[PDB]
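Colleague: Here you go, model-v4.cif (mmCIF, C-alpha atoms and all ligand atoms; chains and numbers go by the auth columns):
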```cif
data_start
loop_
_atom_site.group_PDB
_atom_site.id
_atom_site.type_symbol
_atom_site.label_atom_id
_atom_site.label_comp_id
_atom_site.label_asym_id
_atom_site.label_seq_id
_atom_site.Cartn_x
_atom_site.Cartn_y
_atom_site.Cartn_z
_atom_site.B_iso_or_equiv
_atom_site.auth_seq_id
_atom_site.auth_asym_id
ATOM 1 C CA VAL A 1 170.415 73.049 1.675 0.00 1 A
ATOM 2 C CA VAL A 2 173.181 74.536 -0.469 0.00 2 A
ATOM 3 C CA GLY A 3 172.735 78.093 -1.683 0.00 3 A
ATOM 4 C CA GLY A 4 169.860 78.874 0.696 0.00 4 A
ATOM 5 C CA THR A 5 169.069 81.401 3.388 0.00 5 A
ATOM 6 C CA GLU A 6 167.721 81.061 6.888 0.00 6 A
ATOM 7 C CA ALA A 7 163.921 80.658 6.722 0.00 7 A
ATOM 8 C CA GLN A 8 161.733 83.025 8.653 0.00 8 A
ATOM 9 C CA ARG A 9 161.271 81.323 11.965 0.00 9 A
ATOM 10 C CA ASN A 10 158.493 78.713 11.858 0.00 10 A
ATOM 11 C CA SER A 11 157.440 79.898 8.372 0.00 11 A
ATOM 12 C CA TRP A 12 157.274 76.263 7.136 0.00 12 A
ATOM 13 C CA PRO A 13 155.313 74.836 10.045 0.00 13 A
ATOM 14 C CA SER A 14 154.848 71.320 8.520 0.00 14 A
ATOM 15 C CA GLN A 15 158.639 70.793 8.319 0.00 15 A
ATOM 16 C CA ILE A 16 159.922 68.340 10.924 0.00 16 A
ATOM 17 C CA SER A 17 163.320 67.172 12.056 0.00 17 A
ATOM 18 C CA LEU A 18 163.742 63.421 12.185 0.00 18 A
ATOM 19 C CA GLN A 19 166.352 62.503 14.768 0.00 19 A
ATOM 20 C CA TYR A 20 167.925 59.309 16.131 0.00 20 A
ATOM 21 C CA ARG A 21 169.292 58.505 19.560 0.00 21 A
ATOM 22 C CA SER A 22 173.070 58.247 19.820 0.00 22 A
ATOM 23 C CA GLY A 23 174.037 57.205 23.328 0.00 23 A
ATOM 24 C CA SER A 24 172.210 59.738 25.451 0.00 24 A
ATOM 25 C CA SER A 25 172.006 62.444 22.777 0.00 25 A
ATOM 26 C CA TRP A 26 169.765 63.056 19.770 0.00 26 A
ATOM 27 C CA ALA A 27 171.066 63.712 16.262 0.00 27 A
ATOM 28 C CA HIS A 28 169.290 65.184 13.274 0.00 28 A
ATOM 29 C CA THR A 29 169.348 62.784 10.342 0.00 29 A
ATOM 30 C CA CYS A 30 166.519 63.750 7.935 0.00 30 A
ATOM 31 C CA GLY A 31 163.578 66.017 7.264 0.00 31 A
ATOM 32 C CA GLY A 32 159.917 65.111 7.048 0.00 32 A
ATOM 33 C CA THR A 33 156.474 66.618 6.655 0.00 33 A
ATOM 34 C CA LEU A 34 153.751 66.530 9.297 0.00 34 A
ATOM 35 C CA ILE A 35 150.662 65.301 7.433 0.00 35 A
ATOM 36 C CA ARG A 36 148.388 64.334 10.351 0.00 36 A
ATOM 37 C CA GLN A 37 148.723 65.197 14.059 0.00 37 A
ATOM 38 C CA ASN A 38 150.154 61.685 14.469 0.00 38 A
ATOM 39 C CA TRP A 39 151.706 61.011 11.021 0.00 39 A
ATOM 40 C CA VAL A 40 154.900 62.183 9.318 0.00 40 A
ATOM 41 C CA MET A 41 155.859 61.666 5.674 0.00 41 A
ATOM 42 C CA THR A 42 159.578 61.100 5.040 0.00 42 A
ATOM 43 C CA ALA A 43 161.943 59.124 2.799 0.00 43 A
ATOM 44 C CA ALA A 44 162.216 55.357 3.173 0.00 44 A
ATOM 45 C CA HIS A 45 165.991 55.542 3.088 0.00 45 A
ATOM 46 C CA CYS A 46 165.871 57.718 6.200 0.00 46 A
ATOM 47 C CA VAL A 47 164.458 54.885 8.257 0.00 47 A
ATOM 48 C CA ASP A 48 166.510 52.128 6.615 0.00 48 A
ATOM 49 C CA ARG A 49 168.592 51.657 9.814 0.00 49 A
ATOM 50 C CA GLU A 50 167.160 50.095 12.986 0.00 50 A
ATOM 51 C CA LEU A 51 167.537 53.181 15.157 0.00 51 A
ATOM 52 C CA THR A 52 165.435 54.822 17.832 0.00 52 A
ATOM 53 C CA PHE A 53 163.788 57.786 16.168 0.00 53 A
ATOM 54 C CA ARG A 54 161.997 60.897 17.332 0.00 54 A
ATOM 55 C CA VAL A 55 160.258 63.661 15.496 0.00 55 A
ATOM 56 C CA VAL A 56 160.595 67.361 16.340 0.00 56 A
ATOM 57 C CA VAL A 57 157.826 69.689 15.204 0.00 57 A
ATOM 58 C CA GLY A 58 157.989 73.497 15.561 0.00 58 A
ATOM 59 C CA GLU A 59 161.767 73.364 15.195 0.00 59 A
ATOM 60 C CA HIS A 60 163.988 76.174 13.988 0.00 60 A
ATOM 61 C CA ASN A 61 167.367 76.097 15.704 0.00 61 A
ATOM 62 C CA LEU A 62 168.616 72.523 16.183 0.00 62 A
ATOM 63 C CA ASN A 63 171.020 73.511 18.958 0.00 63 A
ATOM 64 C CA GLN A 64 168.657 75.438 21.292 0.00 64 A
ATOM 65 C CA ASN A 65 165.193 74.839 22.669 0.00 65 A
ATOM 66 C CA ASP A 66 163.368 78.051 21.798 0.00 66 A
ATOM 67 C CA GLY A 67 159.944 77.153 23.128 0.00 67 A
ATOM 68 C CA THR A 68 158.016 76.283 19.960 0.00 68 A
ATOM 69 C CA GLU A 69 159.245 72.722 19.721 0.00 69 A
ATOM 70 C CA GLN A 70 157.372 69.522 20.540 0.00 70 A
ATOM 71 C CA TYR A 71 159.390 66.317 20.812 0.00 71 A
ATOM 72 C CA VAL A 72 157.652 62.990 20.094 0.00 72 A
ATOM 73 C CA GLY A 73 158.601 59.371 19.676 0.00 73 A
ATOM 74 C CA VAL A 74 157.985 57.224 16.625 0.00 74 A
ATOM 75 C CA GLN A 75 155.619 54.361 17.304 0.00 75 A
ATOM 76 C CA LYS A 76 155.460 52.717 13.872 0.00 76 A
ATOM 77 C CA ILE A 77 157.421 52.924 10.641 0.00 77 A
ATOM 78 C CA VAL A 78 155.665 52.034 7.412 0.00 78 A
ATOM 79 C CA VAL A 79 158.086 51.920 4.486 0.00 79 A
ATOM 80 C CA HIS A 80 156.736 51.543 0.966 0.00 80 A
ATOM 81 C CA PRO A 81 156.780 47.769 0.366 0.00 81 A
ATOM 82 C CA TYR A 82 158.549 48.155 -3.007 0.00 82 A
ATOM 83 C CA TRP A 83 161.391 50.265 -1.598 0.00 83 A
ATOM 84 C CA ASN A 84 164.846 48.792 -2.325 0.00 84 A
ATOM 85 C CA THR A 85 167.740 50.513 -0.531 0.00 85 A
ATOM 86 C CA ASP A 86 170.172 49.044 -3.121 0.00 86 A
ATOM 87 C CA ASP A 87 168.394 50.969 -5.907 0.00 87 A
ATOM 88 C CA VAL A 88 167.212 54.459 -4.968 0.00 88 A
ATOM 89 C CA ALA A 89 166.871 55.066 -8.710 0.00 89 A
ATOM 90 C CA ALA A 90 164.053 52.502 -8.867 0.00 90 A
ATOM 91 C CA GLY A 91 162.012 54.826 -6.641 0.00 91 A
ATOM 92 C CA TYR A 92 159.474 54.183 -3.881 0.00 92 A
ATOM 93 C CA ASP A 93 161.616 56.339 -1.535 0.00 93 A
ATOM 94 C CA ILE A 94 158.811 57.154 0.873 0.00 94 A
ATOM 95 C CA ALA A 95 157.737 56.132 4.361 0.00 95 A
ATOM 96 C CA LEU A 96 155.126 57.130 6.883 0.00 96 A
ATOM 97 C CA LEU A 97 155.809 57.422 10.584 0.00 97 A
ATOM 98 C CA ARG A 98 153.050 57.026 13.149 0.00 98 A
ATOM 99 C CA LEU A 99 153.884 59.224 16.140 0.00 99 A
ATOM 100 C CA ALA A 100 153.642 57.971 19.731 0.00 100 A
ATOM 101 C CA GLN A 101 151.472 60.995 20.571 0.00 101 A
ATOM 102 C CA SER A 102 149.423 63.448 18.526 0.00 102 A
ATOM 103 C CA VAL A 103 151.183 66.814 18.404 0.00 103 A
ATOM 104 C CA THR A 104 149.374 70.023 19.242 0.00 104 A
ATOM 105 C CA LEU A 105 148.668 72.177 16.224 0.00 105 A
ATOM 106 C CA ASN A 106 149.410 75.898 16.545 0.00 106 A
ATOM 107 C CA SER A 107 151.167 78.758 14.717 0.00 107 A
ATOM 108 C CA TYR A 108 154.415 76.766 14.653 0.00 108 A
ATOM 109 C CA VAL A 109 153.012 73.286 13.982 0.00 109 A
ATOM 110 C CA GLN A 110 150.671 72.777 11.019 0.00 110 A
ATOM 111 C CA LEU A 111 149.752 69.977 8.682 0.00 111 A
ATOM 112 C CA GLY A 112 151.348 70.082 5.248 0.00 112 A
ATOM 113 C CA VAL A 113 149.055 70.368 2.241 0.00 113 A
ATOM 114 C CA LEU A 114 149.487 67.508 -0.190 0.00 114 A
ATOM 115 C CA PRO A 115 148.634 67.699 -3.877 0.00 115 A
ATOM 116 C CA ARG A 116 145.694 65.904 -5.429 0.00 116 A
ATOM 117 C CA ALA A 117 146.504 62.442 -6.799 0.00 117 A
ATOM 118 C CA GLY A 118 148.438 62.470 -10.083 0.00 118 A
ATOM 119 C CA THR A 119 149.120 66.231 -10.139 0.00 119 A
ATOM 120 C CA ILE A 120 152.070 67.128 -12.379 0.00 120 A
ATOM 121 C CA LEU A 121 153.649 70.603 -12.404 0.00 121 A
ATOM 122 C CA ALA A 122 154.676 72.455 -15.525 0.00 122 A
ATOM 123 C CA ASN A 123 158.401 72.780 -16.224 0.00 123 A
ATOM 124 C CA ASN A 124 160.120 75.480 -14.197 0.00 124 A
ATOM 125 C CA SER A 125 157.372 75.697 -11.601 0.00 125 A
ATOM 126 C CA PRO A 126 158.142 77.737 -8.435 0.00 126 A
ATOM 127 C CA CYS A 127 159.166 75.575 -5.481 0.00 127 A
ATOM 128 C CA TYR A 128 161.336 75.795 -2.344 0.00 128 A
ATOM 129 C CA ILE A 129 163.354 73.070 -0.669 0.00 129 A
ATOM 130 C CA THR A 130 163.706 73.408 3.086 0.00 130 A
ATOM 131 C CA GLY A 131 165.882 71.617 5.633 0.00 131 A
ATOM 132 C CA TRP A 132 168.765 71.534 8.091 0.00 132 A
ATOM 133 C CA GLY A 133 170.996 69.648 5.685 0.00 133 A
ATOM 134 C CA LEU A 134 174.588 70.487 4.739 0.00 134 A
ATOM 135 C CA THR A 135 175.041 74.038 3.460 0.00 135 A
ATOM 136 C CA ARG A 136 177.830 72.965 1.126 0.00 136 A
ATOM 137 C CA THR A 137 178.960 69.673 -0.358 0.00 137 A
ATOM 138 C CA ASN A 138 180.994 67.946 2.388 0.00 138 A
ATOM 139 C CA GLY A 139 180.175 70.837 4.770 0.00 139 A
ATOM 140 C CA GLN A 140 178.129 70.810 7.970 0.00 140 A
ATOM 141 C CA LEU A 141 174.467 70.742 8.909 0.00 141 A
ATOM 142 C CA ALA A 142 172.666 74.033 9.240 0.00 142 A
ATOM 143 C CA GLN A 143 171.862 75.186 12.755 0.00 143 A
ATOM 144 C CA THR A 144 168.772 77.066 11.551 0.00 144 A
ATOM 145 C CA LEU A 145 166.188 75.926 8.998 0.00 145 A
ATOM 146 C CA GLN A 146 167.252 76.844 5.469 0.00 146 A
ATOM 147 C CA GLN A 147 165.240 77.458 2.297 0.00 147 A
ATOM 148 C CA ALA A 148 166.232 77.721 -1.350 0.00 148 A
ATOM 149 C CA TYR A 149 164.270 78.348 -4.554 0.00 149 A
ATOM 150 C CA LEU A 150 164.406 75.205 -6.686 0.00 150 A
ATOM 151 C CA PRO A 151 162.190 75.359 -9.761 0.00 151 A
ATOM 152 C CA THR A 152 161.025 72.095 -11.270 0.00 152 A
ATOM 153 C CA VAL A 153 162.720 70.348 -14.172 0.00 153 A
ATOM 154 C CA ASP A 154 160.002 68.319 -15.870 0.00 154 A
ATOM 155 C CA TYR A 155 160.356 64.593 -16.499 0.00 155 A
ATOM 156 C CA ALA A 156 161.130 64.866 -20.233 0.00 156 A
ATOM 157 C CA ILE A 157 164.043 67.188 -19.537 0.00 157 A
ATOM 158 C CA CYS A 158 165.156 65.602 -16.274 0.00 158 A
ATOM 159 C CA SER A 159 165.348 62.121 -17.802 0.00 159 A
ATOM 160 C CA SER A 160 167.116 63.360 -20.939 0.00 160 A
ATOM 161 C CA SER A 161 170.760 62.426 -21.397 0.00 161 A
ATOM 162 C CA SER A 162 172.084 65.895 -20.505 0.00 162 A
ATOM 163 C CA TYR A 163 170.438 65.638 -17.063 0.00 163 A
ATOM 164 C CA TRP A 164 169.749 62.407 -15.116 0.00 164 A
ATOM 165 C CA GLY A 165 168.911 60.059 -18.001 0.00 165 A
ATOM 166 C CA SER A 166 167.066 56.848 -17.019 0.00 166 A
ATOM 167 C CA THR A 167 168.134 57.270 -13.375 0.00 167 A
ATOM 168 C CA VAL A 168 164.986 59.376 -12.957 0.00 168 A
ATOM 169 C CA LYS A 169 161.457 57.966 -13.229 0.00 169 A
ATOM 170 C CA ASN A 170 158.155 59.682 -13.725 0.00 170 A
ATOM 171 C CA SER A 171 157.341 58.836 -10.066 0.00 171 A
ATOM 172 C CA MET A 172 159.928 61.503 -9.112 0.00 172 A
ATOM 173 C CA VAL A 173 160.099 65.280 -9.265 0.00 173 A
ATOM 174 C CA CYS A 174 163.319 67.033 -10.285 0.00 174 A
ATOM 175 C CA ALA A 175 164.097 70.545 -9.108 0.00 175 A
ATOM 176 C CA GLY A 176 167.044 72.877 -9.322 0.00 176 A
ATOM 177 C CA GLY A 177 170.170 71.807 -11.144 0.00 177 A
ATOM 178 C CA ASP A 178 171.569 75.340 -11.556 0.00 178 A
ATOM 179 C CA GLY A 179 174.849 74.243 -9.916 0.00 179 A
ATOM 180 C CA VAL A 180 174.304 76.705 -7.090 0.00 180 A
ATOM 181 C CA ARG A 181 171.253 75.633 -5.094 0.00 181 A
ATOM 182 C CA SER A 182 170.335 72.120 -3.945 0.00 182 A
ATOM 183 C CA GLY A 183 169.393 69.649 -1.268 0.00 183 A
ATOM 184 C CA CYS A 184 172.275 67.981 0.574 0.00 184 A
ATOM 185 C CA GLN A 185 172.952 65.381 3.307 0.00 185 A
ATOM 186 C CA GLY A 186 170.435 65.858 6.137 0.00 186 A
ATOM 187 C CA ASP A 187 167.681 67.297 3.861 0.00 187 A
ATOM 188 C CA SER A 188 166.566 63.833 2.719 0.00 188 A
ATOM 189 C CA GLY A 189 162.959 63.015 3.618 0.00 189 A
ATOM 190 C CA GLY A 190 162.017 66.682 3.817 0.00 190 A
ATOM 191 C CA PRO A 191 159.589 68.662 1.645 0.00 191 A
ATOM 192 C CA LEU A 192 159.696 70.324 -1.705 0.00 192 A
ATOM 193 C CA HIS A 193 157.036 73.032 -1.342 0.00 193 A
ATOM 194 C CA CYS A 194 155.540 74.170 -4.634 0.00 194 A
ATOM 195 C CA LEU A 195 153.289 77.119 -5.246 0.00 195 A
ATOM 196 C CA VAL A 196 150.003 76.145 -6.899 0.00 196 A
ATOM 197 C CA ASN A 197 147.082 78.594 -7.175 0.00 197 A
ATOM 198 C CA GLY A 198 148.549 80.788 -4.448 0.00 198 A
ATOM 199 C CA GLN A 199 149.040 77.890 -1.992 0.00 199 A
ATOM 200 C CA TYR A 200 152.206 75.947 -1.093 0.00 200 A
ATOM 201 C CA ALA A 201 151.803 72.190 -1.231 0.00 201 A
ATOM 202 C CA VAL A 202 154.381 69.475 -0.581 0.00 202 A
ATOM 203 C CA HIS A 203 154.961 67.950 -4.009 0.00 203 A
ATOM 204 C CA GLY A 204 158.273 66.237 -3.202 0.00 204 A
ATOM 205 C CA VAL A 205 160.068 64.142 -0.599 0.00 205 A
ATOM 206 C CA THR A 206 163.835 64.744 -0.877 0.00 206 A
ATOM 207 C CA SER A 207 165.418 61.523 -2.108 0.00 207 A
ATOM 208 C CA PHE A 208 168.806 61.924 -3.834 0.00 208 A
ATOM 209 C CA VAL A 209 171.495 64.082 -5.415 0.00 209 A
ATOM 210 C CA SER A 210 174.605 63.329 -7.470 0.00 210 A
ATOM 211 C CA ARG A 211 177.435 61.197 -6.126 0.00 211 A
ATOM 212 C CA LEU A 212 179.651 63.995 -7.395 0.00 212 A
ATOM 213 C CA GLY A 213 178.113 66.517 -5.068 0.00 213 A
ATOM 214 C CA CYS A 214 175.010 68.254 -3.847 0.00 214 A
ATOM 215 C CA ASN A 215 174.947 71.329 -6.123 0.00 215 A
ATOM 216 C CA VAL A 216 175.934 69.972 -9.526 0.00 216 A
ATOM 217 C CA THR A 217 174.938 71.570 -12.810 0.00 217 A
ATOM 218 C CA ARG A 218 172.209 69.609 -14.624 0.00 218 A
ATOM 219 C CA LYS A 219 171.957 67.208 -11.694 0.00 219 A
ATOM 220 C CA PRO A 220 168.873 68.619 -10.034 0.00 220 A
ATOM 221 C CA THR A 221 167.841 67.427 -6.611 0.00 221 A
ATOM 222 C CA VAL A 222 165.507 64.443 -7.026 0.00 222 A
ATOM 223 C CA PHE A 223 162.371 63.988 -4.952 0.00 223 A
ATOM 224 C CA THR A 224 159.766 61.297 -4.592 0.00 224 A
ATOM 225 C CA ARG A 225 156.661 62.657 -6.357 0.00 225 A
ATOM 226 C CA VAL A 226 154.125 62.880 -3.552 0.00 226 A
ATOM 227 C CA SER A 227 151.180 62.984 -5.967 0.00 227 A
ATOM 228 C CA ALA A 228 152.131 59.500 -7.203 0.00 228 A
ATOM 229 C CA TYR A 229 151.551 58.134 -3.697 0.00 229 A
ATOM 230 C CA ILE A 230 148.317 59.752 -2.503 0.00 230 A
ATOM 231 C CA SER A 231 146.373 56.463 -2.585 0.00 231 A
ATOM 232 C CA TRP A 232 149.236 54.667 -0.814 0.00 232 A
ATOM 233 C CA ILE A 233 149.392 57.364 1.849 0.00 233 A
ATOM 234 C CA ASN A 234 145.680 57.342 2.515 0.00 234 A
ATOM 235 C CA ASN A 235 145.636 53.515 2.569 0.00 235 A
ATOM 236 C CA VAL A 236 148.381 53.420 5.204 0.00 236 A
ATOM 237 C CA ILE A 237 146.669 56.005 7.416 0.00 237 A
ATOM 238 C CA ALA A 238 143.301 54.276 7.084 0.00 238 A
ATOM 239 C CA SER A 239 144.665 50.813 7.993 0.00 239 A
ATOM 240 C CA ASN A 240 147.271 51.699 10.641 0.00 240 A
HETATM 241 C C1 LIG B . 169.529 63.069 1.809 0.00 1 B
HETATM 242 O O1 LIG B . 170.041 63.729 2.888 0.00 1 B
HETATM 243 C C2 LIG B . 170.535 62.732 0.695 0.00 1 B
HETATM 244 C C3 LIG B . 171.927 63.307 0.876 0.00 1 B
HETATM 245 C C4 LIG B . 172.944 62.789 -0.140 0.00 1 B
HETATM 246 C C5 LIG B . 169.901 63.255 -0.596 0.00 1 B
HETATM 247 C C6 LIG B . 169.689 64.771 -0.647 0.00 1 B
HETATM 248 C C7 LIG B . 170.647 61.200 0.777 0.00 1 B
HETATM 249 O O2 LIG B . 171.134 60.711 1.752 0.00 1 B
HETATM 250 N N1 LIG B . 170.137 60.346 -0.274 0.00 1 B
HETATM 251 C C8 LIG B . 170.197 58.884 -0.222 0.00 1 B
HETATM 252 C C9 LIG B . 171.001 58.155 0.665 0.00 1 B
HETATM 253 C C10 LIG B . 170.977 56.759 0.631 0.00 1 B
HETATM 254 C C11 LIG B . 170.156 56.123 -0.277 0.00 1 B
HETATM 255 C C12 LIG B . 170.113 54.593 -0.321 0.00 1 B
HETATM 256 N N2 LIG B . 169.396 56.842 -1.093 0.00 1 B
HETATM 257 C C13 LIG B . 169.394 58.171 -1.090 0.00 1 B
HETATM 258 NA NA NA B . 165.300 74.378 18.748 0.00 2 B
#
```
Kindly return the structure encoded in the file as structure tokens.
Modeller:
Amino acid sequence: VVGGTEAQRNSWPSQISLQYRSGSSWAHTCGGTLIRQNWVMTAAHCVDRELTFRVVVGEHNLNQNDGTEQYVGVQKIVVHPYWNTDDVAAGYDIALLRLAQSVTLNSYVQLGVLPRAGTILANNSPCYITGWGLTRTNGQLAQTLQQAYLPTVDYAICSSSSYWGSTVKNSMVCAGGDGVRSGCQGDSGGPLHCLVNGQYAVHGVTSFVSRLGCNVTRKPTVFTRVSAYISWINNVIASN
């Protein structure tokens, strides 16, 4: 997250760290959202590679075990069947991970609230991106979970020629684009939390930013629109 601040510890308790094994160590690669005790929602492109993955719930500081963390393997990866890694702009950047064990819910580990099917937010709606991603374009991962305010940019504006043009589809949510605050490498797959009737719900899965950089004016961070995939999500959980 570029232009963010350290989140209050465990204040986004559905945020997970998706990690892969490298030799004998683990490395953070993407975010995700805990949506059942044994299911995580993330981006398809995060699980493109044939790596050994684990999920960390209750995480805050990636470089120390503070006592709130639970570490669990990934048993099954269900990528959206229309996902095409050659064409992130075509969409379907979403995947569900079935965990090897059900995590224990507590103050630090909670299920994320998803929006009702088809829900669309008004332009400039209040949302926050969270993650351990780079804190500047070509910088380094955050040690501690970051948050930044990223208000939505509605589809008509986001897909206009002065923003993303036809690169963005109505199955995506745009947010930010002020040139200051954004998602960045390592935030992919994580949540966009948007405030609706007093409650935060995960309306986005972080998918892409500009090739020019993370925080680029009128190139808002682009998310998979979770509310476009509610049926798909429930179908996967019911049949896996
Ligand atoms: C996620 O960390 C992000 C960093 C540039 C977007 C914020 C990313 O990796 N997006 C991405 C990578 C690869 C493909 C095929 N699509 C999207
Ligand atoms: Na930790």
Colleague: For a test of reading the model, state the distance in Å between atom CA of residue A:86 and atom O2 of ligand LIG 1 (chain B), rounded to one decimal.
Modeller: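 Going from atom CA of residue A:86 over to atom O2 of ligand LIG 1 (chain B), I get 12.7 Å.
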Colleague: Rank A:174, A:103, A:168, A:233 by their smallest atom-to-atom distance to residue A:91, using all atoms listed in the file, and report the top residue only.
Modeller: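 Ranked by minimum distance to residue A:91, first place goes to A:168.
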Colleague: Give as an mmCIF file with C-alpha atoms, keeping the file's coordinate frame the residues surrounding ligand LIG 1 (chain B) up to a distance of 10 Å, considering all atoms listed in the file.
Modeller:
```
data_model
loop_
_atom_site.group_PDB
_atom_site.id
_atom_site.type_symbol
_atom_site.label_atom_id
_atom_site.label_comp_id
_atom_site.auth_asym_id
_atom_site.auth_seq_id
_atom_site.Cartn_x
_atom_site.Cartn_y
_atom_site.Cartn_z
ATOM 1 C CA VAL A 1 170.415 73.049 1.675
ATOM 2 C CA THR A 29 169.348 62.784 10.342
ATOM 3 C CA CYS A 30 166.519 63.750 7.935
ATOM 4 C CA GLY A 31 163.578 66.017 7.264
ATOM 5 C CA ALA A 43 161.943 59.124 2.799
ATOM 6 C CA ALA A 44 162.216 55.357 3.173
ATOM 7 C CA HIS A 45 165.991 55.542 3.088
ATOM 8 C CA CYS A 46 165.871 57.718 6.200
ATOM 9 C CA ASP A 48 166.510 52.128 6.615
ATOM 10 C CA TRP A 83 161.391 50.265 -1.598
ATOM 11 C CA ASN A 84 164.846 48.792 -2.325
ATOM 12 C CA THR A 85 167.740 50.513 -0.531
ATOM 13 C CA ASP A 86 170.172 49.044 -3.121
ATOM 14 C CA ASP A 87 168.394 50.969 -5.907
ATOM 15 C CA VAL A 88 167.212 54.459 -4.968
ATOM 16 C CA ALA A 89 166.871 55.066 -8.710
ATOM 17 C CA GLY A 91 162.012 54.826 -6.641
ATOM 18 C CA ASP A 93 161.616 56.339 -1.535
ATOM 19 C CA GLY A 131 165.882 71.617 5.633
ATOM 20 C CA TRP A 132 168.765 71.534 8.091
ATOM 21 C CA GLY A 133 170.996 69.648 5.685
ATOM 22 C CA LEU A 134 174.588 70.487 4.739
ATOM 23 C CA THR A 137 178.960 69.673 -0.358
ATOM 24 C CA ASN A 138 180.994 67.946 2.388
ATOM 25 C CA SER A 182 170.335 72.120 -3.945
ATOM 26 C CA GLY A 183 169.393 69.649 -1.268
ATOM 27 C CA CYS A 184 172.275 67.981 0.574
ATOM 28 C CA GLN A 185 172.952 65.381 3.307
ATOM 29 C CA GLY A 186 170.435 65.858 6.137
ATOM 30 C CA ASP A 187 167.681 67.297 3.861
ATOM 31 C CA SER A 188 166.566 63.833 2.719
ATOM 32 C CA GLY A 189 162.959 63.015 3.618
ATOM 33 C CA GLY A 190 162.017 66.682 3.817
ATOM 34 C CA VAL A 205 160.068 64.142 -0.599
ATOM 35 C CA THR A 206 163.835 64.744 -0.877
ATOM 36 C CA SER A 207 165.418 61.523 -2.108
ATOM 37 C CA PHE A 208 168.806 61.924 -3.834
ATOM 38 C CA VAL A 209 171.495 64.082 -5.415
ATOM 39 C CA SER A 210 174.605 63.329 -7.470
ATOM 40 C CA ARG A 211 177.435 61.197 -6.126
ATOM 41 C CA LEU A 212 179.651 63.995 -7.395
ATOM 42 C CA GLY A 213 178.113 66.517 -5.068
ATOM 43 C CA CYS A 214 175.010 68.254 -3.847
ATOM 44 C CA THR A 221 167.841 67.427 -6.611
ATOM 45 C CA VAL A 222 165.507 64.443 -7.026
ATOM 46 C CA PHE A 223 162.371 63.988 -4.952
#
```
Colleague: So which residues get picked by the PyMOL selection byres (((chain A and resi 150) around 8) and not hetatm) here, written as a ChimeraX atom specification?
Modeller: /A:126-129,148-149,151-152,175-176,181-182
Colleague: Would you name the residues within 6 Å of ligand NA 2 (chain B), counting all atoms listed in the file, and put them as JSON, numbers by chain?
Modeller: {"A": [59, 60, 61, 62, 63, 64, 65, 66]}
Colleague: Using all atoms listed in the file, which of the listed residues (A:95, A:238, A:157, A:202) sits closest to residue A:12?
Modeller: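 When distances to residue A:12 are compared using all atoms listed in the file, the smallest one comes from A:202.
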Colleague: My list of candidates is A:20, A:218, A:67, A:35. Which is closest to residue A:161 when distances are computed with only C-alpha atoms?
Modeller: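 Comparing A:20, A:218, A:67, A:35 against residue A:161, the winner is A:218.
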Colleague: State, in Å with one decimal place, the distance from atom CA of residue A:28 to atom CA of residue A:49.
Modeller: 14.0 Å
Colleague: Since the input is missing atoms, can you rebuild N, CA and C atoms for stretch 188-199 of chain A and write them as a compact mmCIF listing (two decimals), in the frame of the given file?
Modeller:
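Written out: part23.txt:
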```
# COMPACT_ATOMS: atom_id res chain seq x y z
N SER A 188 167.34 65.00 3.16
CA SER A 188 166.57 63.83 2.72
C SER A 188 165.31 63.67 3.55
N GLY A 189 164.20 63.31 2.92
CA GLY A 189 162.96 63.02 3.62
C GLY A 189 162.09 64.25 3.79
N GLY A 190 162.73 65.42 3.69
CA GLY A 190 162.02 66.68 3.82
C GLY A 190 161.22 67.08 2.58
N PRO A 191 160.50 68.19 2.69
CA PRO A 191 159.59 68.66 1.64
C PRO A 191 160.27 69.44 0.51
N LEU A 192 159.66 69.32 -0.66
CA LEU A 192 159.70 70.32 -1.70
C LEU A 192 158.31 70.96 -1.70
N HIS A 193 158.27 72.25 -1.39
CA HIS A 193 157.04 73.03 -1.34
C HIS A 193 156.85 73.76 -2.65
N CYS A 194 155.74 73.53 -3.35
CA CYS A 194 155.54 74.17 -4.63
C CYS A 194 154.27 74.99 -4.61
N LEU A 195 154.36 76.15 -5.24
CA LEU A 195 153.29 77.12 -5.25
C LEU A 195 152.30 76.78 -6.35
N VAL A 196 151.06 76.51 -5.96
CA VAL A 196 150.00 76.14 -6.90
C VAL A 196 148.73 76.89 -6.49
N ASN A 197 148.22 77.70 -7.42
CA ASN A 197 147.08 78.59 -7.18
C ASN A 197 147.18 79.39 -5.87
N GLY A 198 148.35 79.95 -5.61
CA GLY A 198 148.55 80.79 -4.45
C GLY A 198 148.92 80.05 -3.17
N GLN A 199 148.83 78.72 -3.19
CA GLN A 199 149.04 77.89 -1.99
C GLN A 199 150.29 77.03 -2.15
```
